[PDB]
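Below, each chain spelled out in residue letters.
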Number of protein chains: 2
Amino acid sequence: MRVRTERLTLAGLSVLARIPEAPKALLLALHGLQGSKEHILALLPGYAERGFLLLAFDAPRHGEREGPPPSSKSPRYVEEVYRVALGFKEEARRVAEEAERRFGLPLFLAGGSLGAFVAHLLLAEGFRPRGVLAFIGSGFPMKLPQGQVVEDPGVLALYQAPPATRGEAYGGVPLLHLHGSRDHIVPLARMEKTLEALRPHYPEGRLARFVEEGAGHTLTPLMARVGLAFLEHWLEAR
Amino acid sequence: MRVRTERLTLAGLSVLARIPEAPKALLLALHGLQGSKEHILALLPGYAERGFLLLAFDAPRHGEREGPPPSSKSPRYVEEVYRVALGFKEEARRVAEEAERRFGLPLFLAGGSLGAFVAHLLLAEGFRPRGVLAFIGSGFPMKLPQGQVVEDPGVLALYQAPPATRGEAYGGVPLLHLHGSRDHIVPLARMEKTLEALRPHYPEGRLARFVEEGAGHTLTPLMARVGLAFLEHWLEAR
């Protein structure tokens, strides 16, 4: 399918869009730390060409928005990363609720790294999309390095009760985690911890994982193809 | 896509074929213990419609062939199960090589349970398809139950040197293991042991796993859909 790149205004932010002629569904994509709305859409080859109306926006301090983004060399890095995440979550929820209204179609969510964590924050807070792809990520915030200072109440609360520890709130929304076995930014074990926390709250067949052996912290074209099949599976179901 | 079913003769065996009107690749499918050629093709919905010419034949002692198959009550159960696997392997390689000569299309393998182990036996002996789907299975033979007697030299050889311990002979052929977390016939850990044995021999990736949380020892529609994405990714690769 031919695909047109265009900008809308939803929930008051500027969203990059890829709209197909006969859209069959929407896909809101949330990028990773140090990423951008152009970056995440480029990592989803063939999706719009198959009928998914893609939408991405820059998280706080990223892309065209005012920086600077968090620096891993700062003792306030973690706090800034999750302040960005909490803002990204609040924005995403509104972007999705509007998008649905402006385009009237089933909506799925995709997030890479920080965006996958935000996808978990959204599900834990009751957001109900038709399915979620969580790439190179986790439902627990990153291990907190020694030497950091965290005083923000929102950030402390996410560490005290990570979203993946609230599986009962996820509504069994279909969820696929896609990961690389050698990821050093989000260790494989944190993705597996997320799946094990969610397991008991998910009806059989609705929760799954795909692991590319040897891959690191990169949303590979293989992961992208598998995620595309997963969204079509739930879109064509029941 | 029009698809028709027919019986062909390849390498002297009766092969069930599901033929699309526009074949872009071949998929030889190898059923599991107590299964049959019709059962394994029925568990691959949508594959022929996407352009895969599916082929399946009955393993020794199964389906239309003189049986019965091995019975778990027998002290020679394991011996008989792996002699069926060795026979099935030798036949499958001849069927695959004839199908490739005849249709000139990229060839992939899919195996379910014992058929997944047969796919491993083929890779360990240097058969080089474009990619392999190993559903609900493992590259190691089952744990030997107490009371089993194994005298067949060919089966003893499989325990002495399981195929997954010969990763260097696999030639980095793309391989995806698809499994259910609650499978007790082939425990999840046997599939993980397979991948860990092969990992050092797949330094360029192309090895992967897909685990459906809550699924058991069945080839689920979600597994089939993910396996079709893996095959299309490798078919399209350049």
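- Per the deposited record, the coordinates in this entry were obtained by X-ray crystallography to a resolution of 1.60 Å.

- The title attached to this entry in the PDB is "Crystal Structure of TT1662 from Thermus thermophilus".

Overview of the interface of chain A and chain B
Next up, step 1: With 24 residues of chain A at the contact, the number on the chain B side is 24 residues.
Next up, step 2: The contact between chain A and chain B buries some 2100 Å² in all, and 54% of this surface belongs to carbon and sulfur atoms.
Next up, step 3: When the buried surface of chain A facing chain B is broken down by residue, A:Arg209, A:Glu213 and A:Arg225 rank first, second and third, together holding 31% of it.
Next up, step 4: Joining chain A to chain B, the criterion identifies six salt bridges.
Next up, step 5: The salt bridge partner of A:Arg209 is B:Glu213, with a shortest N-O separation of 3.0 Å.
Next up, step 6: In terms of residues, the side of chain A that touches chain B owes the most to one element, helix 6 (residues 221-235) of chain A, which gives eight residues.

With respect to the packing of aromatic side chains
Next up, step 1: Inspection of every chain in the model, using the stated rule, returns 13 aromatic pairs over all chains.
Next up, step 2: Summarising the aromatic geometry, the rings of A:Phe57 and A:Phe88 are spaced 5.2 Å apart at their centres and angled 80° between planes, so their arrangement reads as edge-to-face. Here the residue A:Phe57 occupies a position in the loop between strand 4 (52-56) and helix 2 (77-103), and A:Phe88 occupies one in helix 2, the gap between them amounting to 31 residues. Just as A:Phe57 is buried, A:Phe88 falls in that class too.
Next up, step 3: On the basis of an interplanar angle of 85° and a centroid distance of 5.9 Å, the ring pair of B:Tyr82 and B:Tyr159 is categorised as edge-to-face. Of this pair, B:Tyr82 sits in helix 2 (residues 77-103) while B:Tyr159 sits in helix 4 (residues 153-160), and the two are 77 residues apart along the sequence.
Next up, step 4: Ring pairs connect the aromatic residues A:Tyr47, A:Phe52 and A:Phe108, which therefore count as one cluster.

What to know about the relation of the copies chain A and chain B
Next up, step 1: Once chain A is rotated about the relating axis by 179° and shifted along it by 0.5 Å, it coincides with chain B to within an RMSD of 0.5 Å. What the rotation and shift describe, once combined, is the action of a two-fold rotation axis. Identified as the residue of chain A closest to the rotation axis by C-alpha distance is A:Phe210, at 2.2 Å.
Next up, step 2: Comparing interface residues between copies, 79% of those in chain A also lie at the interface in chain B; the contact surface is shared.

Quick notes on helix 6 (residues 221-236) of chain B
Next up, step 1: Along its 16 residues, helix 6 of chain B runs 23 Å from first to last C-alpha, staying within 8% of the 22 Å computed at 1.5 Å per residue.
Next up, step 2: In terms of residue burial, helix 6 of chain B counts as a mostly covered element, since 14 of its 16 residues are buried.

What counts and what doesn't
Residues numbered from 1 in each chain as written, not as in the entry; some residues may be left out. Chains lettered and ligands numbered in written order. Heavy atoms only, no water. Contact = heavy atoms within 4.5 Å. Buried area = accessible area lost by both parts, 1.4 Å probe. Salt bridge = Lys/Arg side-chain N within 4 Å of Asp/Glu carboxyl O. Helix = DSSP H or I, 4+ residues; strand = E, 2+ residues; numbered from the N terminus. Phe/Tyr/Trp six-rings, centres within 6.5 Å; stacked < 30°, edge-to-face > 60°. Buried < 20%, exposed > 50% of the residue type's maximum accessible area, 1.4 Å probe, protein only. Least-squares fit on C-alpha atoms. Expected span 1.5 Å × (residues − 1).

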